[PDB]
Amino acid sequence: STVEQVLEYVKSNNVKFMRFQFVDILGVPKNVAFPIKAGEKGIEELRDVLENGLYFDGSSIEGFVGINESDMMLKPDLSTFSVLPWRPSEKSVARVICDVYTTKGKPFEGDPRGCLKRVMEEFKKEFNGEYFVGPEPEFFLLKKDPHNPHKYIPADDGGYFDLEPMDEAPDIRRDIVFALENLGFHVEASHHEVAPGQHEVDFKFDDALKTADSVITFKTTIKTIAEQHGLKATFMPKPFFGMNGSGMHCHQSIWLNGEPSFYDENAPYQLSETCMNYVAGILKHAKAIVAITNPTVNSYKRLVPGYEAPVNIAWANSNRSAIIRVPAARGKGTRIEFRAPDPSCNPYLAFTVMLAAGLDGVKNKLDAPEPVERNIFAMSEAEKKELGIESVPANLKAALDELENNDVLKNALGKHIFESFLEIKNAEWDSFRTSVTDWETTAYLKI
Amino acid sequence: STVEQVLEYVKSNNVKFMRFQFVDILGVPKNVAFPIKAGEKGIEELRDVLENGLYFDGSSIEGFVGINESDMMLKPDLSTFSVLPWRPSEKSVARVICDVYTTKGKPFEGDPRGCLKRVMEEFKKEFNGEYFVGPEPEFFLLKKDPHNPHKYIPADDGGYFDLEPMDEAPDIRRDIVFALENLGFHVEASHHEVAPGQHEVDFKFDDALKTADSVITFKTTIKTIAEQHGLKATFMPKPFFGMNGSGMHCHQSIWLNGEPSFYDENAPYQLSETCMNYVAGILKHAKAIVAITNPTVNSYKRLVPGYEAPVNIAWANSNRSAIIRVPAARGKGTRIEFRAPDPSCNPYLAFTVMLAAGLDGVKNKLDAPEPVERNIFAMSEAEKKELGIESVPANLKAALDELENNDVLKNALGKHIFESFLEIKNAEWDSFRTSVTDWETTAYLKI
Amino acid sequence: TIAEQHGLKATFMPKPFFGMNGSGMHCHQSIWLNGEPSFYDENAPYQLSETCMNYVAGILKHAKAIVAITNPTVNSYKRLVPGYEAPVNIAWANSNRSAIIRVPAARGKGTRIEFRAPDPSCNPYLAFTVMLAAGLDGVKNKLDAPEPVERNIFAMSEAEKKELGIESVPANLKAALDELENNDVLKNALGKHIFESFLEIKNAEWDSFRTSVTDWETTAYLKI
Ligand SMILES: Nc1ncnc2c1ncn2[C@@H]1O[C@H](COP(=O)(O)OP(=O)(O)OP(=O)(O)O)[C@@H](O)[C@H]1O
Ligand SMILES: Nc1ncnc2c1ncn2[C@@H]1O[C@H](COP(=O)(O)OP(=O)(O)OP(=O)(O)O)[C@@H](O)[C@H]1O
Ligand SMILES: O=C(O)CCC(=O)C(=O)O
Ligand SMILES: O=C(O)CCC(=O)C(=O)O
Ligand SMILES: [Mg+2]
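Residue numbers (the numbering used here), protein chains in the order written: chain A, 3 to 449; chain B, 3 to 449; chain C, 2 to 225.
(1) Mind checking which residues open and close the alpha helix (DSSP H) that includes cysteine 277 of chain A?
(2) Following a CB-centred definition, is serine 192 of chain B positioned closer than 7 Å to any heavy atom of ligand 4?
(3) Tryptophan 217 of chain C: which of B:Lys225, B:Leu233 and B:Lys240 sits nearest, CA to CA?
(4) Go ahead and label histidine 194 of chain A buried or exposed: buried means 16 or more other beta carbons lie within 10 angstroms of its beta carbon, across all protein chains shown.
(5) Is the beta carbon of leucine 56 of chain B sitting closer than 8 Å to the one on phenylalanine 83 of chain B?
(6) Since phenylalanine 196 of chain C meets chain B, which of its residues come closer than 7 Å, beta carbon to beta carbon?
(7) Between the segment 173-189 of chain C and the segment 96-108 of chain C, do at least 3 Cβ pairs fall closer than 8 Å?
(8) How would you call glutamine 200 of chain A, buried or exposed, if buried means at least 16 neighbouring beta carbons within 10 angstroms?
(9) Can you list, in chain order, the residues of its chain whose CB lies under 7 Å from that of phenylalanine 110 of chain A, leaving out five sequence neighbours each side?
(10) What in chain A is Cβ-close to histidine 193 of chain B, meaning under 8 Å?
(11) Can you tell me whether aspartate 147 of chain B is buried or exposed, with buried defined as 16 or more other CB within 10 angstroms of its CB?
(12) Can you give the Cα-Cα distance for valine 98 of chain B and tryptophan 88 of chain B, rounded to whole angstroms?
(13) Should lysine 146 of chain A be flagged as near chain B, meaning a C-beta pair shorter than 8 Å?
(14) Given that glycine 68 of chain A touches chain B, what residues does it touch there, using C-beta distances under 8 Å?
(15) Run the CB neighbour count on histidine 253 of chain B, radius 10 Å, all protein chains shown included, and call it buried at 16 or more, exposed below.
(16) Report the residues of the segment 299-313 of chain B with a CB closer than 8 Å to any CB of chain C, ordered along the chain.
(17) So, with DSSP's three-state summary, where would you put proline 137 of chain B?
(18) State buried or exposed for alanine 107 of chain C, treating a residue as buried only when at least 16 other CB atoms are found within 10 Å of its CB.
(19) Hey, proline 312 of chain B and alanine 342 of chain B: beta-carbon distance below 8 Å or not?
(20) In whole angstroms, what is the alpha-carbon distance linking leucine 258 of chain B and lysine 126 of chain B?
(21) Of the residues A:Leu305, A:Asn70 and A:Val135, which one's Cα is nearest the Cα of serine 61 of chain A?
(22) Should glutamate 261 of chain B be listed as close to ligand 2, given that the test is whether its C-beta is under 7 Å from any heavy atom?
(23) Assuming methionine 238 of chain A is part of the alpha helix (DSSP H), what are its boundary residues?
(24) For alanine 358 of chain A, which residues from the same chain have a beta carbon less than 7 Å from its beta carbon, with the 5 sequence-adjacent residues on both sides left out?
(25) At least one CB of chain C closer than 8 Å to the CB of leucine 447 of chain B: is that the case?
(26) At a threshold of 7 Å, does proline 172 of chain A count as lining ligand 7 (C-beta to nearest heavy atom)?
(27) Go through the segment 307-338 of chain A residue by residue and report every complete run of the beta strand (DSSP E) that reaches 3 residues or more, in order.
(28) Figure out for me which residue from B:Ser301, B:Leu273 and B:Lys43 has the closest Cα to the Cα of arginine 337 of chain B.
(29) Under 7 Å, CB to CB, which of the residues in the segment 122-151 of chain B have a partner in chain A?
(30) Would you list the one or two residues that DSSP bridges to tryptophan 217 of chain C?
(31) Rank A:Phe58, A:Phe220, A:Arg175 and A:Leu52 by C-alpha distance to the C-alpha of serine 320 of chain B and give the top, closest one.
(32) Using the Cβ count rule (16 or more neighbours within 10 Å means buried), how would you classify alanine 177 of chain C?
(33) Do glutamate 421 of chain B and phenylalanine 379 of chain B count as a contact pair if the criterion is CB distance below 8 Å?
(34) If I'm right that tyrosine 133 of chain A touches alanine 210 of chain A with Cβ under 8 Å, what's the distance once you round it to whole angstroms?
(35) By DSSP, does residue 1 of chain A sit in helix, in strand, or in coil?
(36) Using C-beta distances below 8 Å, list every residue in its chain close to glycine 333 of chain B, excluding the 5 sequence neighbours before and after it, in chain order.
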């Protein structure tokens, strides 16, 4: 939208506050609220901030700048304008997502959003291509343990596609869908997921930048709506041992010159050569991609080699036992599902590395291996070794070491994001590996 | 006629009470309520009190007069007229900020407000200058510890620029902004600050006297609105060990003959000679300025030499590790940020000493040192010693001893305020230094 | 250990409770040369020898630095607190408990000086070292002791003490460490290793105290 359209909506819908939003290196949303004054004076002041942006302290944001070079700017992207449904209707609250700039008026090298914009701009200039993503960020709804109020348990005992009363969340999922529609999402479906208290609310795919903006907005919405219902929502990959973790499978496709390039009516599986080259790129860099798409210690309690998880580096058709599933849908619906990611990732960075890795396959015309039509979880380790089916790294540190040795992902992320992420995550790993866990006390106090 | 405008507002908006307000030497607001009677008789009784003022006992106000010379007067400044938003709408409550006078009709020498008026009047008479200040008084929102209802803890676990639900204060910050707008403030921005439960609500800079009035009104507004939400707000500089303290950074600039004299398009850093002379004055008197801008024992738990704090007596551009930061903004936005102050200061006295010190630099054309573009917190003590970077005093008593030996600040404050402040603060220091603290019981009971 | 056996806890903390006396460790001391009580002199004023006066003069000269060692905690300066009734006034007196040194009435082999500033948080080996090295600085150089103060020093005004030359010991641990750091007699007595380790340990202890947020501050300032 244009500055005029934004001011006009604010003017006629009594918007009182404008959130200027962005994300830190870990994908945590950040914002400052600008109060809109009454009259022409207020609209002119808003026009100035919307066009010229505002300053903030970059040294108080994770992965940004140091204290001695800390002044930074936010430049609003006006096409991201939305009204917050959870906030009041009278004297309402709108938001605008921003790109981080330096004081010199240049895009910040450490901005995750600008990082995704730049790889998308390069993809459009080099191939006239568009990168489309449909992510499915699952979550748990939690309530306090009646036996210990300091602990959280799943909000119900339901399972996949269950009906009420076993599924206790229709009212919560209902309000979430209404909120996402008011924020401009095209919601597709909602249902109880496999684990107790786990849920899914699907929204239509879009270009990687809009989709990344929606993943950030989506997580805030589920969390604030769950609070309104006296519950707590979590996007933690594996909150509970013994039940499913939450993934964020990323359905993705590239469209060259406005066409669904992954579809080929006369090819095997009706999948194009470009689709196979892209799949080959993702499988080649899968071990390093997971440092970014699965960036927490807990991510590897769901993405756990040796078990039933999206860890096996192979692709397959309508088969949920490989790291890539190719859904049965064809035509414009032809796409690949990268199953490894979880909702703890920074979507801007996750989409950057998946595109960079897939385009490494397209640019070099890499050969994809044969699909694996068997249940990979039913194969023995030696049978997978013979077939060449490798696994992703088994923990955060092993994934960071893969990322550190991947030139394609280092170039896509750029020096600043790449080195800050490795530094932050190495300190996070050090904190975990030096702690004394409850598992250890249970296992070893008796010795 | 300003009085005619006040009386007409009262007549037509059903105003029932008029608070006559002022501050004691420590900046604590004080007021007496006058009930407005109906009709022309009531309006003339109110006219008489607005014009002629009213009496009070100055011996019951800290830093004022003794019991044997205790009758004093309050002379309303009618440009301060405002309606209290927290008070009822029907039969509303208005306020007027007053200047303290003696029974002989003379401005009281011990009045902090008159003290700032007088230095500003002298600055306008001598240079045709205006003194503009933009302060940022941070605060914590507190709730009772569920484990001990006698103790207070931060109201949430959020951090800098966090969004809800982690940031739990959008409703409180919203009501604060509305209350400040109703009080005539030009609010600029609001957001969660670095520490858990900490927040910031910025308002536009103005002349030092209006800004000092606004700081007093701002702190009452924050505190009353927080109480309405079942929380407690504190402007204590360092309420909790291990997390950020609350500062009140003072952005300031002097405008000679209506122009932003700190801006110089053709000078290094685009900062004028006057700006450099002013910075040199603040740096010269910084050790004594902090007795007034950081006047509590607790102020030196945030302003603590040897740690990451605004203690290093140096200036820098877009660098938050020095006692003065010069923001990147230029033109009319050209200003210096004195980072040492905290919201426990009396803004009338704080603005007086900062202007007096800056003008000592302007009047004598003092040379400012070179800016320090490095992170001062990364330098060793010997490296700072070589560069001539000194630190502010380490505690209240050390700061009082600096103030006692500063003729520029003693003359700006005047004998009465200066001697009363030193006497009160020496008794406050004596109280602290003779107490047995919890730190000591933990450290030494075992010996 | 005996208090624990009675179900109680004993503490040698200098000032555990505000509003009541602290615990001191007054050190009565005397030097005997060639087996004789050299502090006693039957025919001298107060029956105190010249050696006794030289020793008292040495302790009073170094009192400001001695307290870094004899009063080595933050809490020591809540008992040893200048401006109040405490053994802070650098003067000596006979049978008078308002000075830093009291000379008890006993004479003969009982002739000695009572250094009242120390508290039981000190390392006695280091406390006795600095007191002896300061007293012997007075003996070796035959320093002149000031006149005794027979008045109640707590009843004097600050200006009256300033005129009489009655100074106070440092007001806190850090001020005492800074006095010790500038005293060559005590640095030589302790030696480089003990001296530098003590200053390093105590500066970290001071930093810990000065960065903490105390209960006094919460009570005083949470309401602002
Ligand atoms: N051509 C495409 N490119 C990228 N994403 C697409 C495309 N077509 C659909 N999607 C997106 O794929 C996501 C998953 O859709 P959908 O749930 O219908 O498939 P699915 O096989 O049922 O996956 P799952 O079983 O994991 O839920 C949706 O966000 C959808 O918008
Ligand atoms: N020329 C000026 N003179 C004095 N004050 C000014 C001037 N221009 C702006 N200010 C004030 O300075 C204050 C700082 O506002 P602002 O937050 O925009 O700057 P900032 O450098 O980002 O501060 P911070 O990052 O510490 O919050 C505001 O109160 C503003 O009104
Ligand atoms: O339950 C859902 O998933 C969506 C909402 C709904 O169907 C309902 O309101 O019953
Ligand atoms: O949250 C703030 O800082 C101001 C209030 C606001 O933005 C809101 O109502 O959501
Ligand atoms: Mg689905």
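Every residue gets a Cβ at the ideal spot worked out from N, C-alpha and C, and that includes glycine.
With the structure as the only source:
(1) Here residue 277 of chain A refers to the residue found at position 275 when the first sequence is read from its first residue. Residues 275-295.
(2) Against the second sequence, residue 192 of chain B aligns to sequence position 190. Because some heavy atom of ligand 4 lies under 7 Å away, the Cβ of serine 192 of chain B counts as near it: yes.
(3) Residue mapping note: residue 217 of chain C aligns to position 216 of the third sequence, counting from 1. With distances taken between Cα atoms, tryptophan 217 of chain C lies closest to B:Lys240.
(4) By 1-based counting over the first sequence, the position of residue 194 of chain A is 192. Looking at its Cβ environment, which holds 16 or more other Cβ atoms inside 10 Å, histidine 194 of chain A is buried.
(5) Position 54 of the second sequence holds residue 56 of chain B. Position 81 of the second sequence holds residue 83 of chain B. Against a cut-off of 8 Å, the Cβ pair of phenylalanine 83 of chain B and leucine 56 of chain B comes out as no contact.
(6) The residue labelled residue 196 of chain C in the question sits at position 195 within the third sequence. Near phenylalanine 196 of chain C there are no residues of chain B at all, since even the closest Cβ is about 20 Å away, more than 7 Å.
(7) With the cut-off at 8 Å, the segment 173-189 of chain C and the segment 96-108 of chain C do not touch.
(8) Within the first sequence, numbered from 1, the residue matching residue 200 of chain A stands at position 198. That one is buried.
(9) Here residue 110 of chain A refers to the residue found at position 108 when the first sequence is read from its first residue. Excluding sequence positions up to five before and after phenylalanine 110 of chain A, its CB lies within less than 7 Å of the CB of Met74, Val102, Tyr103, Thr104 and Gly116, all in the same chain and listed in chain order.
(10) Working through the second sequence from its first residue, we reach residue 193 of chain B at position 191. What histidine 193 of chain B touches in chain A: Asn33, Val34 and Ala35.
(11) Numbered from its first residue, the second sequence carries residue 147 of chain B at position 145. Classification for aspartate 147 of chain B: exposed.
(12) Taking the first residue of the second sequence as 1, we reach residue 98 of chain B at position 96. Taking the first residue of the second sequence as 1, we reach residue 88 of chain B at position 86. Their Cα atoms are separated by approximately 16 Å.
(13) By 1-based counting over the first sequence, the position of residue 146 of chain A is 144. It does not; no Cβ of chain B falls within 8 Å.
(14) Residue mapping note: residue 68 of chain A aligns to position 66 of the first sequence, counting from 1. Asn377, listed in chain order.
(15) If you number the second sequence from 1, residue 253 of chain B lands on position 251. Around the Cβ of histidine 253 of chain B, a 10 Å sphere holds 16 or more other Cβ atoms; the residue is buried.
(16) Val299, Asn300, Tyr302, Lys303, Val306, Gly308 and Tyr309
(17) To locate residue 137 of chain B, count along the second sequence from 1; it is residue 135. Residue state, collapsed to three classes: strand.
(18) If you number the third sequence from 1, residue 107 of chain C lands on position 106. With fewer than 16 Cβ atoms within 10 Å of its Cβ, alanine 107 of chain C is classed as exposed.
(19) As a first step, residue 312 of chain B is located in the second sequence; it is residue number 310 there, counting from the start. As a first step, residue 342 of chain B is located in the second sequence; it is residue number 340 there, counting from the start. Yes.
(20) By 1-based counting over the second sequence, the position of residue 258 of chain B is 256. By 1-based counting over the second sequence, the position of residue 126 of chain B is 124. When rounded, the distance between both Cα atoms is 9 Å.
(21) Position 59 of the first sequence, counting from 1, holds the residue named residue 61 of chain A. Ranking the options by Cα distance to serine 61 of chain A, first place goes to A:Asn70.
(22) As a first step, residue 261 of chain B must be located in the second sequence, where it is residue number 259. It does not: the Cβ of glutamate 261 of chain B is nowhere closer than 7 Å to a heavy atom of ligand 2.
(23) Taking the first sequence and counting its residues from 1, one reaches residue 238 of chain A at position 236. Segment: none, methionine 238 of chain A is in no alpha helix (DSSP H) and carries neither H nor E.
(24) Counting from 1 along the first sequence, the entry for residue 358 of chain A is found at position 356. Correct list, in chain order: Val121, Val410, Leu411 and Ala414.
(25) In the second sequence, the residue the question calls residue 447 of chain B occupies position 445. For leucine 447 of chain B, the answer is yes, since a Cβ of chain C falls inside 8 Å of its Cβ.
(26) Among the ligands modelled here, namely ligand 1, ligand 2, ligand 3, ligand 4 and ligand 5, ligand 7 does not occur.
(27) 317-319 and 326-328
(28) Locating residue 337 of chain B in the second sequence gives position 335, counting from the first residue. For the residues B:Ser301, B:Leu273 and B:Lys43, the minimum Cα distance to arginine 337 of chain B belongs to B:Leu273.
(29) none
(30) For the purposes of this step, residue 217 of chain C is identified with residue 216 of the third sequence, where counting begins at 1. Here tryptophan 217 of chain C is not bridged, per DSSP, to any residue.
(31) The sequence position of residue 320 of chain B within the second sequence is 318, counting from 1. Per the Cα distances, A:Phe58.
(32) In the third sequence, the residue the question calls residue 177 of chain C occupies position 176. It counts as buried.
(33) Position 377 of the second sequence holds residue 379 of chain B. Position 419 of the second sequence holds residue 421 of chain B. No.
(34) For the purposes of this step, residue 133 of chain A is taken as residue 131 along the first sequence, with counting starting at 1. For the purposes of this step, residue 210 of chain A is taken as residue 208 along the first sequence, with counting starting at 1. Right, their Cβ atoms sit about 5 Å apart.
(35) Any property of residue 1 of chain A remains undetermined from this structure, which presents chain A solely from 3 to 449.
(36) On the second sequence, residue 333 of chain B is found 331 positions in, with the first residue counted as 1. Result list for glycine 333 of chain B: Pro262 and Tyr265, in chain order.
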